[PDB]
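Take a look at this single chain, the form deposited in one PDB entry, given in structure tokens.
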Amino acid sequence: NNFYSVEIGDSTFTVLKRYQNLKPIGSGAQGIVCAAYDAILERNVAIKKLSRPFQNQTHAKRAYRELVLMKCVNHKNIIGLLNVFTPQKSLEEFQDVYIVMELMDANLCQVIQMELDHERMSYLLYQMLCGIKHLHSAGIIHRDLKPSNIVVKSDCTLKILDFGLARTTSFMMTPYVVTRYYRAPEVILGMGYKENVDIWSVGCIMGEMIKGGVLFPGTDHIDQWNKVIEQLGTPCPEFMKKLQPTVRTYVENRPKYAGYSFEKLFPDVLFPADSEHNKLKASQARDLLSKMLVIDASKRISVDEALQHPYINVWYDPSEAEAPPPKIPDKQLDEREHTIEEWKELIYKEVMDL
């Protein structure tokens, strides 16, 4: 009727006719999304088909939180929801949900592959921090920030795709994805998390841009942990005291590593080196990496302090950072699970009232 369908993109995508030339743009995301052009809105847009949101309890919780949060967040550095629709009209036969958002040219991983410069690097970091701080203002901690989770346009405008892992992780159900390369020590040591955990992830991403590869490539759960202390160094006594005993021992037992200094971990050679300023801005970068890639989260830099750091403060504009806090509509119980049929009705009602 007012919907048209295409089998291109490996499934029968049904969409309004305003979106046309649907083409696959999937390259690793937990979702198969396709690119499109809207006639009503001049801009080309990207559309996602959510396969069986109510298929299990885990799928629904991810979809329900994404839809409610995307609808109630307005930030330049966080992806926004243009329109949500479902081809089916009946709740009883309701099976699929489509999401349209501002199309971006590539993910941060692809942009990392191209060697960049301090001005573009500082700008990507500045935006990532503003998105995280905007999330923290509403009480949201991501803990799953990765370069495949970050999307960029050709003008270097950065946006964040997903809203992380909600409340809780090294072994998660099929809806979610487990990426350890950028996880903090606390999440890998069960210590507990506060808002500065996301600061650790950006430090691994920032270092990855400079180094050109994953900072801590761990084949498994605990090889990840060995890589962190192998280069950053063995933790100090006050930190290992508070860990629960079954894991405190593994820490005290593993071979002690002095750890390399950031100066040799991130030497000037890879950085731009002809300019003194380029070397100086490198000096501003290495200290920032020293202040966020800290195992004791209590002594790790805060999101607010990172924004006013010399490497990041040049771009400080209150519109991006000091934006009005986001308020979530039916979040009071956003920490609770329910029946699949009840799960099914709520997602339909969140899409059917827009």
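From 1 onward, residues are counted along the sequence shown. For clarity, a rigid core is taken as the largest C-alpha set superposing within 1.5 Å between two forms.
Heads up, the form deposited with a partner chain bound isn't pictured, but that's what we're talking about next.
Taking the partner from elsewhere, no residue among 98, 340 and 344 has a non-hydrogen atom within 4.5 angstroms of the partner chain in the deposited complex. Using a 4.5 angstroms limit between non-hydrogen atoms, residue 42 is distant from the partner chain in the deposited complex. At the 4.5 Å threshold, heavy atoms of residue 37 stay clear of the partner chain in the deposited complex, well away from it.
In the deposited complex, the partner chain lies within 4.5 Å of some heavy atom of residue 126. Among residues of the shown chain, residue 114 is one whose heavy atoms approach the partner chain to within 4.5 Å in the deposited complex. Shown without its partner, this chain lists 74, 261, 110, 283 as candidates; in the deposited complex, only 110 has a non-hydrogen atom within 4.5 angstroms of the partner chain. The listed set 82, 141, 152, 161 contains one residue whose heavy atoms approach the partner chain in the deposited complex to within 4.5 Å, identified as 152.
Of the stretches 27-35, 312-320, 45-53, 286-294, only 312-320 has residues with a heavy atom within 4.5 Å of the partner chain in the deposited complex. Of the residues 45, 297, 29, 68, exactly one exceeds or equals a 2 Å C-alpha shift between this form and the one not shown once the rigid core is aligned, and that residue is 29. Panel note: the distance between the CA atoms of residue 126 and residue 29 is larger in the deposited complex than in this form, the difference being 3 Å or more. A change of 3 Å or more separates the two forms for residue 333 and residue 140: their C-alpha atoms lie closer together in the deposited complex.
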